[PDB]
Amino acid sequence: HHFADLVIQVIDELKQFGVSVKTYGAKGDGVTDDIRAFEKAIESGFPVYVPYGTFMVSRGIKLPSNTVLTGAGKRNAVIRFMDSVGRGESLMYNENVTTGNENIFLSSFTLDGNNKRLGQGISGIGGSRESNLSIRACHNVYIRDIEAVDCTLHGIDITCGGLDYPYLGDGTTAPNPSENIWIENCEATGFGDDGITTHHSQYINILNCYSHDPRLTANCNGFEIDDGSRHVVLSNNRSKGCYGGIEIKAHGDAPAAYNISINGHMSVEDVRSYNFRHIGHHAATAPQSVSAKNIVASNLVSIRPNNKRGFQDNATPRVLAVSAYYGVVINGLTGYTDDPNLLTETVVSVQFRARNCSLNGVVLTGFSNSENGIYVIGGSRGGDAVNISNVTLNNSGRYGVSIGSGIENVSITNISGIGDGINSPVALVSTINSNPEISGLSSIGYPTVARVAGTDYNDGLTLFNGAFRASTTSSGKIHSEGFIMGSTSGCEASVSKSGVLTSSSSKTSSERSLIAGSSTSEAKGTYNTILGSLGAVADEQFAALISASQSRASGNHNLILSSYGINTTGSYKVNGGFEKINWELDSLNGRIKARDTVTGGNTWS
């Protein structure tokens, strides 16, 4: 066969793809050990091509800097560990494990870790060892159209320098991150830990990948943005049959992933479709995470979340679970199930030190045997807020939106629900705290619409907090237990239980008071009333004026009526006058007094 060899030599020299591994002796026959051909091709300095075949390998494939490795495609070019391979190596990884490599471009092949060779139930022997593809401390890595199957640890792992993962504590940054990574159109399945994962690395885009069906039932996630990750975008990926669809977290002795964006995701039959947390920073008596911050997640799809496989000791399913994190913004979330018995606790939870979270544009459908649709619990932390808006629930949650203890600042707006198909529905909206801000509730089939600290509202509700002002373009100070309405400039209601209506330049510093229909008037005692008056002053307890001009009521329980230009000081007296006091009804002593006459037998014509 010397002629064929000569023809092949001519083809090899053409280098149509770069250099083929077969040029260096690779058989790709599913039997022969091709590791030396891969090593020789890779060290040559040429782009390396992997044609059709199953290329067996007796040890891991080490990648130097400036590597181009391209195959004929998934399930065409297949790279696979031999049955005889021992423990400790990922199938493919960059050669400099501690300080990393640069410019590595991998495309279009299957990595088959042959985990089967070890028997069933086995995961990685320690740290980041034994993934199908491990990238450690590398800059500029493009991973495209790679299928990762039968993986011992992870399918694809991006991590910092070192074989072990570092545990340096919260608020740290591990040395030698990977940086500028792109993972696109990859698939990971049959893995022991996670499908696609990042650790201690930054500037990463994960796009259009599919991670599904772990071998094991521990914390086995489709996409795991783990310890030390930051500045990562995930978009248009799918996860199926995992514990977490996308998990964003850290372990207790590590910094949480931060500044992570989910630009669309579809989670199919995961346990907790979207699961954001920081272990060790959940308890009320634990310190807040200093690292768990900034997640923006949009256009999230969750389908039939369940725990049929028994992941994580039968952890309860979730469409979304947020804990520990500050600053989580969720927009456009649809959760859907056709089986009410799969998820029966809480569809969406925001708990365990999660703070400053916002949910908007949520549709939850079919969770007709779950206790809660959305359930929020806080810690009474200063500067905290939870915002929930534009939510619709279709037979999802005995309590549709439930706010528990420790929440002082909550906004709940435009919530609607259908409860007719729910097993024993209770309330569309429930709060423990007495002062939620609420508007725009609509329901059918819930026996109670809103239950606010035990009080039911079934006919519509609008609740606002703090100093209130309406139909008034400017004013001075308004107390948080005060208001000004329908007024023009210059009004104030500066103490607890004080208010101004329909007035101009009128001020009250009177605890328990009302000024209405008045101008240039002032209340400054307590229990003061000023109505339809001009230049009126009430400056003693229970003093009041009605239809009075340029008058001052300074007596205890002293009321002035229908008067101009008088100042009164009497106790328990009603007075009237015009430039001088002209009559008195004396409640204290039972005297009636006129300046002029008192007469009976009168007529009014």
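Residues carry their position along the shown sequence, with the first being 1.
- Legend: mean Cα B-factor per stretch from the PDB entry, 575-583 versus 29-37; the higher mean is in 29-37.
- In this entry, 86-94 shows the higher mean Cα temperature factor of the pair 86-94 and 503-511.
- Each of 175, 397, 466, 517 has a CA temperature factor in the record; the biggest one is found at 175.
- Comparing the C-alpha B-factors of 415, 168, 232, 364 in the entry, the top value falls on 168.
- In the deposited entry, the Cα temperature factor of residue 539 sits in the middle third of values across the chain's modelled residues.
- In this PDB entry, the Cα temperature factor of residue 62 sits in the top third of its chain's modelled residues, the highest group.
- Compared with the other modelled residues of the chain, the Cα B-factor recorded for residue 126 ranks in the highest third.
- Per-chain ranking of the deposited C-alpha B factor places residue 353 in the middle third.
- Among all modelled residues in this chain, the alpha-carbon of residue 522 has a temperature factor (C-alpha) in the middle third.
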